[PDB]
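To start, I am sharing the structure in question, which I have written as structure tokens.
Below, chain A is the first sequence line, B the second, and so on; all start at residue 1. Ligands are counted one by one from 1 in listed order, and the atoms in each one are counted from 1 as well.
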Amino acid sequence: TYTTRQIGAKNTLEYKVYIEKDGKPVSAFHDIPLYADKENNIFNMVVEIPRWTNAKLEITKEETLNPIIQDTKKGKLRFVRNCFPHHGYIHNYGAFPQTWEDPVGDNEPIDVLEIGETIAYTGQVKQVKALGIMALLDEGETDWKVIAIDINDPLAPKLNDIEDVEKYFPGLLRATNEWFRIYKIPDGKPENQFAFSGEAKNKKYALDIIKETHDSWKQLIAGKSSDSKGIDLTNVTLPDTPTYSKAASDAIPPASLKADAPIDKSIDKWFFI
Amino acid sequence: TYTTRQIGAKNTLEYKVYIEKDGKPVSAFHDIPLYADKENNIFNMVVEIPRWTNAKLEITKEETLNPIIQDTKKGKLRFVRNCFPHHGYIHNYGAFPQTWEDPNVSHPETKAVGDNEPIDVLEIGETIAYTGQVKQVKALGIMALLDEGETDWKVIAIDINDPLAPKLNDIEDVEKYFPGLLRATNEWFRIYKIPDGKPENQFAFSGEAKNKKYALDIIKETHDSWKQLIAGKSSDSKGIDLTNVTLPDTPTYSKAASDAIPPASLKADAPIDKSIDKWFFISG
Ligand SMILES: [Mg+2]
Ligand SMILES: [Mg+2]
Ligand SMILES: [Mg+2]
Ligand SMILES: [Mg+2]
Ligand SMILES: [Mg+2]
């Protein structure tokens, strides 16, 4: 059973979320199997950012057991701004564990947009099916975005491939295109671009990419990658890896006893861009 | 100074929010002056629903001193559903006090009776408001919604404390600084009850946002209807509670109605059913 352990108050620099298995912290990058069911291509997704929130929470590749923490820019907490007509992130946003875009690769686990009705929680491990994939170019890096749905979603049986997203969620792909193009403009960064004229490639294509990034991660965790520089490969479930260390689980502090900190009112603002 | 008195937990049937002056409840419908500054057309807006929320909170017409309570549908808490690409309400949503959309006459602009409540207000500024807030706003224009076949004007307004307020003087300025907002507003009020099984709404003037002058004229009309209502001279006041603590010349004035309100009993927000998360895709 997977749960979460929160350190600190939400919306502060001290905030961290670890994934626990049966009460013990494990690596959110390395210890959560990519497949919940390999034969049927059901994946475990680690959720970082709930739909309609702003705080840019991510699995941290540099910290032991890779807890989810809020991204920072020169000491300041990073929040994506509201870009009309969107409110924060427009997907449940996260990543597939045991994947790594070998750097061209963006040096992170492959990103996942989960499109189901229910709002997810930070550190949630949910099971999803892949429907398709888009290739965003962000600052000279290939930044793949897998489109997926929670297998528990009421609509999941009716969704198998990318064309079904058009049928059941008309306009979401357009919005996704737009969002990823403009979402850094309020930060003073340029508009992003997509490969393939912004087309979402189908499930078969998505599976090939996901598989590649899993194989890269297998080389990484085995200690055989060219440059694992700045990535903590500590794990507690893979006994034959060079960086296995069960003691890392017990070194994690206990759950914090703290309410969400307030978010600066500036983050409310709607930008028309 | 206006403050709030909350009874119970948000998102429950017991939840109530009274507006207080000097730590004592007053009627949110009748006792808050329409104008903060009559000469400069600065209005007091009562906020019911914060931007990007769902709970359909409103001034309760039939309850003494008209606290804000969550509306219900056949006994169950009513939440407006998320209609793609929108999340809940896309404005800070509320009303002008001391107004009434008269339900007893056909309004000439829409050829429809009024919806029997205060004139509604869409406040478009950057900061998310809170329920029971009284803020000061300037009117910028107005749209003629027919909501389930009833006259249901929506005033477009901005908080005078918004950084952009000095630059927003008339409806054309909304399109300049908030491009797409008025079109989205038209869409939102057309479609928002489709997930409830209701028909699409419509607008008079093919959804045109009329200007500030037009808005002021309609706000006056609804204020005048309210003056008749509160004097006890409406042909049909619809069981509205007219109790007030500030209008001595009215037959329902009662300073001591305030004392009878229970003390605050604020509890943490109750959880909302996960179904309210759902994003409805209406067309395409
Ligand atoms: Mg990522
Ligand atoms: Mg990426
Ligand atoms: Mg109203
Ligand atoms: Mg209405
Ligand atoms: Mg109304």
Interatomic distance, CD1@B/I156 vs CZ@B/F178, rounded to 0.5 Å, equals 11.0 Å
inquiry  = Between B/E101 (side chain only) and B/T222 (backbone N and O only), is there a donor and an acceptor less than 3.5 Å apart?
reply    = no
Practice item. Check whether the ring centres of A/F43 and A/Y35 lie less than 6.0 Å apart, and answer yes or no. Key: yes
inquiry  = Evaluate A/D138 against A/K184 for side chain to side chain contact (heavy atoms under 4.5 Å, CB included), listing each step before the verdict.
reply    = CA-CA 10 Å; A/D138 186 322; A/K184 289 166 164 186; 2.7 Å; yes
Margin query: Can you confirm whether B/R183 is buried at CZ, in the sense that more than 12 heavy atoms of other residues, nucleotides or ligands lie under 6.0 Å from that atom?
Written below: no
Applying side chain to side chain contact (heavy atoms under 4.5 Å, CB included) to A/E108 and not counting sequence neighbours gives A/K61, A/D106
Can you tell me if an N/O/S atom from A/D106 lies under 2.8 Å from the Mg ion (ligand 2)?
yes
Here the N/O/S atom of B/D147 closest to the Mg ion (ligand 4) would be OD2
The reported gap from CZ in B/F29 to CH2 in B/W100 (rounded to nearest 0.5 angstrom) is 7.5 Å
Within the 2.8 Å cut-off the protein N, O or S neighbours of the Mg ion (ligand 3) are B/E117 OE2, B/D120 OD1
